[PDB]
>>> print(open('upload.cif').read())   # mmCIF, C-alpha atoms and all ligand atoms
data_coords
loop_
_atom_site.label_atom_id
_atom_site.label_comp_id
_atom_site.auth_asym_id
_atom_site.auth_seq_id
_atom_site.Cartn_x
_atom_site.Cartn_y
_atom_site.Cartn_z
CA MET M 1 -7.40 -23.90 13.37
CA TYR M 2 -5.11 -22.77 10.55
CA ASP M 3 -4.23 -26.45 10.06
CA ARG M 4 -7.73 -27.06 8.69
CA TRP M 5 -7.07 -24.54 5.89
CA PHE M 6 -3.30 -24.32 5.31
CA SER M 7 -0.91 -27.17 4.65
CA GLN M 8 1.92 -27.54 7.14
CA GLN M 9 4.31 -26.50 4.35
CA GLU M 10 2.27 -23.32 3.84
CA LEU M 11 2.14 -22.66 7.59
CA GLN M 12 5.95 -22.40 7.50
CA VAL M 13 5.74 -19.33 5.24
CA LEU M 14 2.48 -17.90 6.60
CA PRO M 15 3.35 -15.16 9.14
CA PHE M 16 -0.02 -15.63 10.82
CA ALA M 17 1.16 -19.03 12.24
CA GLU M 18 4.38 -17.84 14.00
CA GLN M 19 4.13 -16.59 17.59
CA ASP M 20 5.71 -13.07 17.61
CA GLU M 21 3.74 -10.75 20.02
CA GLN M 22 4.63 -7.60 17.98
CA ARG M 23 2.67 -9.20 15.12
CA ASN M 24 -0.16 -10.28 17.56
CA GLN M 25 -0.18 -6.94 19.44
CA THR M 26 -0.33 -5.18 16.03
CA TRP M 27 -3.57 -7.02 15.14
CA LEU M 28 -4.98 -6.68 18.65
CA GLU M 29 -4.57 -2.92 18.16
CA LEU M 30 -5.93 -2.81 14.61
CA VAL M 31 -9.02 -4.87 15.49
CA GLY M 32 -9.71 -3.08 18.76
CA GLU M 33 -9.54 0.28 17.00
CA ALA M 34 -11.84 -0.85 14.17
CA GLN M 35 -14.47 -1.96 16.69
CA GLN M 36 -14.16 1.36 18.54
CA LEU M 37 -14.82 3.40 15.39
CA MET M 38 -17.82 1.18 14.61
CA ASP M 39 -19.18 1.62 18.14
CA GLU M 40 -18.89 5.40 17.73
CA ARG M 41 -20.78 5.15 14.40
CA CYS M 42 -17.68 6.50 12.66
CA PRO M 43 -18.32 6.74 8.90
CA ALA M 44 -15.94 4.97 6.54
CA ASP M 45 -14.95 8.25 4.84
CA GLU M 46 -13.53 9.60 8.13
CA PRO M 47 -9.76 10.27 8.18
CA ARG M 48 -9.32 7.99 11.19
CA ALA M 49 -11.26 5.25 9.39
CA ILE M 50 -9.34 5.76 6.14
CA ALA M 51 -5.97 5.79 7.91
CA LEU M 52 -6.85 2.62 9.82
CA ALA M 53 -8.05 0.88 6.65
CA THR M 54 -4.80 1.67 4.82
CA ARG M 55 -2.68 0.36 7.69
CA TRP M 56 -5.00 -2.67 7.74
CA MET M 57 -4.29 -3.53 4.10
CA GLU M 58 -0.56 -2.88 4.49
CA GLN M 59 -0.34 -5.24 7.46
CA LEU M 60 -2.55 -7.88 5.83
CA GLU M 61 -0.35 -8.00 2.73
CA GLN M 62 2.76 -8.32 4.92
CA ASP M 63 1.30 -11.12 7.05
CA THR M 64 0.15 -13.08 3.99
CA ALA M 65 3.72 -12.96 2.59
CA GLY M 66 2.32 -11.01 -0.35
CA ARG M 67 0.64 -14.23 -1.49
CA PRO M 68 -2.91 -13.57 -2.74
CA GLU M 69 -3.64 -17.31 -2.50
CA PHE M 70 -3.37 -16.93 1.28
CA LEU M 71 -5.71 -13.92 1.16
CA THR M 72 -8.32 -15.99 -0.68
CA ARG M 73 -7.85 -18.72 1.95
CA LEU M 74 -8.59 -16.36 4.85
CA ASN M 75 -11.78 -15.20 3.11
CA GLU M 76 -12.78 -18.86 2.80
CA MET M 77 -12.24 -19.14 6.56
CA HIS M 78 -14.25 -16.02 7.41
CA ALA M 79 -17.19 -17.50 5.50
CA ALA M 80 -16.81 -21.17 6.49
CA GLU M 81 -15.03 -21.22 9.86
CA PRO M 82 -17.29 -20.59 12.88
CA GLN M 83 -14.19 -20.06 15.03
CA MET M 84 -12.90 -17.11 12.97
CA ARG M 85 -15.14 -14.57 14.72
CA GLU M 86 -14.17 -15.74 18.22
CA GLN M 87 -10.53 -16.57 17.45
CA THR M 88 -9.55 -13.33 15.70
CA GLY M 89 -12.18 -10.79 16.75
CA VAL M 90 -12.65 -9.93 13.05
CA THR M 91 -16.33 -9.97 12.08
CA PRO M 92 -17.84 -9.85 8.58
CA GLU M 93 -19.31 -6.46 9.50
CA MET M 94 -15.81 -5.29 10.43
CA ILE M 95 -14.41 -6.39 7.05
CA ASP M 96 -17.21 -4.49 5.31
CA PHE M 97 -16.23 -1.38 7.28
CA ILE M 98 -12.53 -1.68 6.41
CA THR M 99 -13.37 -2.42 2.78
CA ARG M 100 -15.51 0.71 2.50
CA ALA M 101 -12.91 2.87 4.27
CA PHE M 102 -10.10 1.64 2.02
CA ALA M 103 -12.24 2.26 -1.07
CA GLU M 104 -12.81 5.80 0.22
CA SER M 105 -9.04 6.33 0.32
CA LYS M 106 -8.87 5.60 -3.41
CA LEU M 107 -12.02 7.56 -4.31
CA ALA M 108 -10.38 10.52 -2.56
CA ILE M 109 -7.56 10.21 -5.10
CA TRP M 110 -9.74 9.45 -8.13
CA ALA M 111 -11.78 12.60 -7.43
CA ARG M 112 -8.79 14.60 -8.69
CA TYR M 113 -8.72 12.63 -11.97
CA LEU M 114 -12.45 12.15 -12.68
CA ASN M 115 -15.39 14.48 -13.19
CA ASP M 116 -18.43 14.54 -10.91
CA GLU M 117 -20.41 12.05 -13.01
CA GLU M 118 -17.52 9.62 -13.55
CA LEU M 119 -16.70 9.69 -9.83
CA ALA M 120 -20.35 9.14 -8.88
CA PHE M 121 -20.50 6.09 -11.16
CA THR M 122 -17.33 4.57 -9.68
CA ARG M 123 -18.38 5.26 -6.09
CA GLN M 124 -21.54 3.24 -6.72
CA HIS M 125 -20.07 0.39 -8.76
CA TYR M 126 -16.65 -0.01 -7.12
CA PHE M 127 -18.16 -2.62 -4.78
CA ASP M 128 -20.13 -4.53 -7.45
CA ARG M 129 -17.41 -7.12 -8.19
CA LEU M 130 -14.72 -6.02 -5.74
CA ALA M 131 -14.56 -9.36 -3.90
CA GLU M 132 -13.52 -11.17 -7.10
CA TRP M 133 -10.15 -9.40 -7.44
CA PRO M 134 -8.14 -11.62 -5.03
CA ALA M 135 -9.00 -14.79 -6.97
CA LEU M 136 -7.87 -13.10 -10.19
CA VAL M 137 -4.63 -11.76 -8.68
CA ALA M 138 -3.76 -15.27 -7.45
CA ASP M 139 -4.26 -16.69 -10.95
CA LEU M 140 -2.05 -13.90 -12.31
CA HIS M 141 0.75 -14.76 -9.88
CA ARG M 142 0.41 -18.41 -10.92
CA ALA M 143 0.57 -17.64 -14.65
CA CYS M 144 3.71 -15.60 -13.95
CA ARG M 145 5.45 -18.35 -11.95
CA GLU M 146 4.66 -21.01 -14.57
CA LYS M 147 5.98 -18.71 -17.34
CA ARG M 148 2.61 -18.92 -19.09
CA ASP M 149 2.50 -17.15 -22.45
CA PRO M 150 0.37 -13.99 -22.15
CA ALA M 151 -0.88 -14.61 -25.71
CA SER M 152 -2.06 -18.14 -24.91
CA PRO M 153 -5.80 -18.84 -24.51
CA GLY M 154 -5.46 -19.11 -20.73
CA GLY M 155 -3.48 -15.89 -20.52
CA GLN M 156 -6.03 -14.02 -22.62
CA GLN M 157 -8.76 -15.35 -20.33
CA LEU M 158 -6.98 -13.73 -17.38
CA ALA M 159 -6.72 -10.50 -19.38
CA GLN M 160 -10.44 -10.77 -20.15
CA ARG M 161 -11.32 -11.18 -16.47
CA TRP M 162 -9.18 -8.17 -15.53
CA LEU M 163 -11.05 -6.11 -18.14
CA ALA M 164 -14.38 -7.36 -16.79
CA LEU M 165 -13.57 -6.36 -13.21
CA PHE M 166 -11.97 -3.06 -14.28
CA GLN M 167 -14.88 -2.00 -16.49
CA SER M 168 -17.23 -2.93 -13.64
CA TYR M 169 -16.28 0.22 -11.71
CA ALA M 170 -14.60 2.37 -14.39
CA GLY M 171 -17.19 1.91 -17.13
CA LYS M 172 -16.86 1.18 -20.82
CA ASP M 173 -15.85 4.71 -21.87
CA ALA M 174 -12.37 4.73 -23.39
CA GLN M 175 -11.61 8.29 -22.28
CA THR M 176 -12.65 7.58 -18.69
CA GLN M 177 -10.58 4.38 -18.59
CA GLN M 178 -7.54 6.38 -19.73
CA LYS M 179 -7.91 8.59 -16.66
CA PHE M 180 -7.82 5.52 -14.41
CA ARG M 181 -4.67 4.14 -16.02
CA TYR M 182 -3.02 7.57 -15.87
CA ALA M 183 -3.93 7.96 -12.20
CA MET M 184 -2.60 4.45 -11.58
CA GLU M 185 0.74 5.55 -13.05
CA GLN M 186 0.94 8.68 -10.86
CA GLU M 187 -0.47 7.48 -7.52
CA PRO M 188 1.39 4.70 -5.66
CA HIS M 189 -1.44 4.43 -3.12
CA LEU M 190 -3.80 3.19 -5.85
CA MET M 191 -1.76 -0.03 -6.03
CA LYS M 192 -1.94 -0.67 -2.28
CA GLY M 193 -4.06 -3.60 -1.16
CA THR M 194 -3.79 -5.33 -4.54
CA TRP M 195 -1.06 -7.95 -3.87
CA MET M 196 0.27 -6.93 -7.29
CA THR M 197 4.04 -6.90 -7.94
CA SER M 198 5.95 -5.21 -10.76
CA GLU M 199 6.60 -8.70 -12.25
CA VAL M 200 2.87 -9.70 -12.32
CA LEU M 201 1.76 -6.25 -13.40
CA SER M 202 4.27 -6.52 -16.25
CA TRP M 203 2.88 -9.93 -17.22
CA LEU M 204 -0.68 -8.61 -17.02
CA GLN M 205 0.09 -5.60 -19.22
CA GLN M 206 1.60 -7.81 -21.92
CA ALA M 207 -1.58 -9.91 -21.86
CA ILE M 208 -3.71 -6.76 -22.09
CA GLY M 209 -1.50 -5.60 -24.95
CA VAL M 210 -2.19 -8.72 -27.00
CA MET M 211 -5.91 -8.38 -26.22
CA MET M 212 -5.88 -4.95 -27.88
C1 LIG M 301 -7.40 -0.78 -11.81
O1 LIG M 301 -6.04 -0.34 -11.72
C2 LIG M 301 -5.16 -1.06 -12.49
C3 LIG M 301 -4.83 -2.35 -12.02
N1 LIG M 301 -5.40 -2.90 -10.83
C4 LIG M 301 -5.25 -4.14 -10.25
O2 LIG M 301 -4.52 -4.99 -10.77
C5 LIG M 301 -5.96 -4.52 -8.99
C6 LIG M 301 -5.77 -5.72 -8.32
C7 LIG M 301 -6.44 -6.05 -7.16
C8 LIG M 301 -7.38 -5.21 -6.53
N2 LIG M 301 -8.03 -5.62 -5.38
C9 LIG M 301 -7.65 -6.53 -4.42
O3 LIG M 301 -6.60 -7.13 -4.55
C10 LIG M 301 -8.51 -6.87 -3.29
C11 LIG M 301 -8.09 -7.26 -2.04
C12 LIG M 301 -8.99 -7.59 -1.03
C13 LIG M 301 -10.37 -7.54 -1.21
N3 LIG M 301 -11.26 -7.90 -0.21
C14 LIG M 301 -12.32 -7.11 0.31
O4 LIG M 301 -12.57 -5.97 -0.06
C15 LIG M 301 -13.09 -7.86 1.36
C16 LIG M 301 -12.46 -9.21 1.47
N4 LIG M 301 -11.81 -9.53 2.71
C17 LIG M 301 -10.77 -8.78 3.27
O5 LIG M 301 -10.39 -7.78 2.67
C18 LIG M 301 -10.14 -9.12 4.54
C19 LIG M 301 -9.79 -8.17 5.50
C20 LIG M 301 -9.19 -8.51 6.71
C21 LIG M 301 -8.87 -9.84 7.05
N5 LIG M 301 -8.27 -10.22 8.31
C22 LIG M 301 -8.03 -11.51 8.81
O6 LIG M 301 -8.38 -12.44 8.11
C23 LIG M 301 -7.42 -11.88 10.14
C24 LIG M 301 -7.71 -13.21 10.59
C25 LIG M 301 -6.70 -11.14 11.00
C26 LIG M 301 -6.16 -11.59 12.33
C27 LIG M 301 -6.51 -10.98 13.54
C28 LIG M 301 -6.02 -11.40 14.77
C29 LIG M 301 -5.14 -12.48 14.84
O7 LIG M 301 -4.66 -12.90 16.04
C30 LIG M 301 -4.78 -13.12 13.66
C31 LIG M 301 -5.28 -12.68 12.45
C32 LIG M 301 -9.24 -10.78 6.09
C33 LIG M 301 -9.84 -10.43 4.89
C34 LIG M 301 -11.32 -9.11 0.44
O8 LIG M 301 -10.50 -10.01 0.25
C35 LIG M 301 -10.80 -7.16 -2.48
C36 LIG M 301 -9.90 -6.83 -3.46
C37 LIG M 301 -7.61 -4.01 -7.19
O9 LIG M 301 -8.52 -3.15 -6.63
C38 LIG M 301 -9.95 -3.34 -7.04
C39 LIG M 301 -6.92 -3.68 -8.37
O10 LIG M 301 -7.22 -2.46 -8.92
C40 LIG M 301 -3.92 -3.07 -12.82
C41 LIG M 301 -3.38 -2.53 -14.00
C42 LIG M 301 -3.70 -1.26 -14.45
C43 LIG M 301 -3.10 -0.66 -15.75
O11 LIG M 301 -2.97 0.57 -15.77
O12 LIG M 301 -2.81 -1.46 -16.66
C44 LIG M 301 -4.60 -0.54 -13.67
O13 LIG M 301 -4.97 0.72 -14.04
#
>>> encode(input="upload.cif", output="C-alpha cells", more="lines below")
Ligand SMILES: COc1c(NC(=O)c2ccc(NC(=O)c3ccc(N4C(=O)C[C@H](NC(=O)c5ccc(NC(=O)/C(C)=C/c6ccc(O)cc6)cc5)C4=O)cc3)c(OC)c2O)ccc(C(=O)O)c1O
Amino acid sequence: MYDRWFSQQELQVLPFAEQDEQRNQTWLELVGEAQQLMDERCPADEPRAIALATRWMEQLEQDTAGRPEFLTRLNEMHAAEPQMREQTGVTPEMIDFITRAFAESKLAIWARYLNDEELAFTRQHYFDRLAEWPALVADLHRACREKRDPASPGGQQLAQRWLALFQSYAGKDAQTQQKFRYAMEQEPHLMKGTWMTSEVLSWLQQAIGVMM
C-alpha cells in the first residue's frame, strides 16, 4: 500500500513501513481511544481529547521522521486511497476531531495572551487555511536544504505565503500579531505539530526580515 505512494528509498526512512509492534500497538491505542471519545460524543475541548490530540501530533511527527513531505503524502493517501480507512482505522472524521482538539490546546494558551475579541476571531478563523501549512513547511525545509537565499524571489514567496496563512487566523492588526509572536517565544507547546526545526525557523525569520 505504502509502495503506491512512497519510493522504496523513502520507505527505508519512513518509520511507518518498519514492523515494530511498540510502534503498531501505539497507533492501535491512539486510534482506538479517538474512536471511543467520538462514540461518547466527547467534545474536542475536553482534557482527554486535548491530551490525546497532543500525543497524536507528537507521535505523528516522530513516525514521519520529522519530514513534512511525508505528512503531505499521508494526507494525499487519506483523500485518494480507498484502503486507508480499512488499513489504518483512521477516518476523515477522526482527523477532523484530532485537528479540532489540537487547535483547542493552542487556543487554551492563546487565551492568556489575547483579549476576548482577538481570541474569538482566531477561534473562528484558525481552521480557514489550516490544511495548507504542511505544504508550506515542506517547501521551507527544501529551501533550507538547498541553501536558497531568503532574499531571493522564491524565498520571499515562501515568506509571503507564511504571512498569508498567519494573518488568516491572527488578523492584520500589528499589535495583535505581536502578541502571537511573543506567545510563540514563551510557549514551547505552540510549536508542536508544526514539523518546524530551529534551522528552518531561522531561515524563515530571515526571509520575513527581508520582507519587512
Ligand atoms: C504562527 O506561529 C509562528 C510560526 N508558525 C509556524 O511556522 C507553523 C507551521 C505549521 C503549522 N501547522 C502544521 O504544520 C500542520 C500540521 C498538520 C495539519 N493537518 C490537519 O490539521 C489535518 C491534516 N491531517 C492530519 O493532521 C493527519 C492526522 C493523522 C494522520 N494519521 C495517519 O495518517 C496514519 C495512517 C496513522 C496510522 C495508523 C495505524 C497504522 O497501523 C499506521 C498508521 C494523518 C494526517 C493535516 O495535515 C495542519 C497543519 C502551524 O500551525 C498552524 C504553524 O503555526 C512560525 C514563526 C513565528 C514567528 O514568531 O516568527 C510564529 O509566530
>>> atom_distance(input="upload.cif", atom1="atom CA of residue M:135", atom2="atom CA of residue M:69")
7.4 Å
>>> residues_near_ligand(input="upload.cif", ligand="ligand LIG 301 (chain M)", cutoff="6 Å", atoms="only C-alpha atoms and all ligand atoms", output="NGL selection string")
:M and (24 or 27 or 74-75 or 88 or 95 or 99 or 130-131 or 133-134 or 166 or 180-181 or 184 or 193-195 or 205)
>>> closest_residue(input="upload.cif", among="M:37, M:23, M:132, M:67", to="residue M:10", atoms="all atoms listed in the file")
M:67
>>> atom_distance(input="upload.cif", atom1="atom CA of residue M:156", atom2="atom CA of residue M:73")
25.1 Å
>>> atom_distance(input="upload.cif", atom1="atom CA of residue M:119", atom2="atom CA of residue M:209")
26.3 Å
>>> closest_residue(input="upload.cif", among="M:151, M:144, M:190, M:84", to="residue M:109", atoms="all atoms listed in the file")
M:190
>>> residues_around(input="upload.cif", residues="residue M:199", least_positions_apart="5", cutoff="12 Å", atoms="only C-alpha atoms", output="count of residues only")
10
>>> residues_around(input="upload.cif", residues="residue M:153", least_positions_apart="5", cutoff="12 Å", atoms="only C-alpha atoms", output="list in words")
residues 143, 148, 158, 159, 160, 207, 210 and 211 of chain M
>>> closest_residue(input="upload.cif", among="M:183, M:14, M:163, M:60", to="residue M:107", atoms="all atoms listed in the file")
M:183
>>> closest_residue(input="upload.cif", among="M:111, M:118, M:124, M:100", to="residue M:173", atoms="only C-alpha atoms")
M:118
>>> build_atoms(input="upload.cif", residues="stretch 155-168 of chain M", atoms="N, CA, C and O atoms", output="PDB file, keeping the file's coordinate frame")
ATOM      1  N   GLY M 155      -3.938 -17.218 -20.872  1.00  0.00           N
ATOM      2  CA  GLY M 155      -3.480 -15.890 -20.520  1.00  0.00           C
ATOM      3  C   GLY M 155      -4.424 -14.799 -20.977  1.00  0.00           C
ATOM      4  O   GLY M 155      -4.603 -13.790 -20.285  1.00  0.00           O
ATOM      5  N   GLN M 156      -5.038 -14.981 -22.155  1.00  0.00           N
ATOM      6  CA  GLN M 156      -6.030 -14.020 -22.620  1.00  0.00           C
ATOM      7  C   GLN M 156      -7.295 -14.078 -21.780  1.00  0.00           C
ATOM      8  O   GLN M 156      -7.978 -13.059 -21.620  1.00  0.00           O
ATOM      9  N   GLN M 157      -7.622 -15.249 -21.228  1.00  0.00           N
ATOM     10  CA  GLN M 157      -8.760 -15.350 -20.330  1.00  0.00           C
ATOM     11  C   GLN M 157      -8.523 -14.536 -19.059  1.00  0.00           C
ATOM     12  O   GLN M 157      -9.438 -13.880 -18.555  1.00  0.00           O
ATOM     13  N   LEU M 158      -7.299 -14.565 -18.528  1.00  0.00           N
ATOM     14  CA  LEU M 158      -6.980 -13.730 -17.380  1.00  0.00           C
ATOM     15  C   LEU M 158      -7.061 -12.251 -17.731  1.00  0.00           C
ATOM     16  O   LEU M 158      -7.567 -11.445 -16.949  1.00  0.00           O
ATOM     17  N   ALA M 159      -6.573 -11.876 -18.919  1.00  0.00           N
ATOM     18  CA  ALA M 159      -6.720 -10.500 -19.380  1.00  0.00           C
ATOM     19  C   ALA M 159      -8.186 -10.120 -19.521  1.00  0.00           C
ATOM     20  O   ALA M 159      -8.579  -8.989 -19.199  1.00  0.00           O
ATOM     21  N   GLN M 160      -9.018 -11.050 -20.007  1.00  0.00           N
ATOM     22  CA  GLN M 160     -10.440 -10.770 -20.150  1.00  0.00           C
ATOM     23  C   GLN M 160     -11.093 -10.535 -18.801  1.00  0.00           C
ATOM     24  O   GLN M 160     -11.924  -9.635 -18.652  1.00  0.00           O
ATOM     25  N   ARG M 161     -10.748 -11.352 -17.803  1.00  0.00           N
ATOM     26  CA  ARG M 161     -11.320 -11.180 -16.470  1.00  0.00           C
ATOM     27  C   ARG M 161     -10.903  -9.842 -15.870  1.00  0.00           C
ATOM     28  O   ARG M 161     -11.728  -9.136 -15.286  1.00  0.00           O
ATOM     29  N   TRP M 162      -9.633  -9.469 -16.020  1.00  0.00           N
ATOM     30  CA  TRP M 162      -9.180  -8.170 -15.530  1.00  0.00           C
ATOM     31  C   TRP M 162     -10.021  -7.054 -16.150  1.00  0.00           C
ATOM     32  O   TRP M 162     -10.485  -6.150 -15.447  1.00  0.00           O
ATOM     33  N   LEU M 163     -10.233  -7.113 -17.466  1.00  0.00           N
ATOM     34  CA  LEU M 163     -11.050  -6.110 -18.140  1.00  0.00           C
ATOM     35  C   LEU M 163     -12.470  -6.109 -17.601  1.00  0.00           C
ATOM     36  O   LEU M 163     -13.074  -5.042 -17.430  1.00  0.00           O
ATOM     37  N   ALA M 164     -13.028  -7.292 -17.328  1.00  0.00           N
ATOM     38  CA  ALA M 164     -14.380  -7.360 -16.790  1.00  0.00           C
ATOM     39  C   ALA M 164     -14.467  -6.657 -15.435  1.00  0.00           C
ATOM     40  O   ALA M 164     -15.375  -5.848 -15.197  1.00  0.00           O
ATOM     41  N   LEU M 165     -13.530  -6.955 -14.536  1.00  0.00           N
ATOM     42  CA  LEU M 165     -13.570  -6.360 -13.210  1.00  0.00           C
ATOM     43  C   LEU M 165     -13.240  -4.868 -13.264  1.00  0.00           C
ATOM     44  O   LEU M 165     -13.799  -4.072 -12.502  1.00  0.00           O
ATOM     45  N   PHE M 166     -12.335  -4.469 -14.157  1.00  0.00           N
ATOM     46  CA  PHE M 166     -11.970  -3.060 -14.280  1.00  0.00           C
ATOM     47  C   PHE M 166     -13.133  -2.238 -14.833  1.00  0.00           C
ATOM     48  O   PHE M 166     -13.487  -1.185 -14.280  1.00  0.00           O
ATOM     49  N   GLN M 167     -13.738  -2.701 -15.932  1.00  0.00           N
ATOM     50  CA  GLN M 167     -14.880  -2.000 -16.490  1.00  0.00           C
ATOM     51  C   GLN M 167     -16.068  -1.965 -15.539  1.00  0.00           C
ATOM     52  O   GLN M 167     -16.913  -1.082 -15.658  1.00  0.00           O
ATOM     53  N   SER M 168     -16.133  -2.903 -14.591  1.00  0.00           N
ATOM     54  CA  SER M 168     -17.230  -2.930 -13.640  1.00  0.00           C
ATOM     55  C   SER M 168     -17.363  -1.600 -12.892  1.00  0.00           C
ATOM     56  O   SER M 168     -18.470  -1.098 -12.689  1.00  0.00           O
TER      57      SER M 168
END
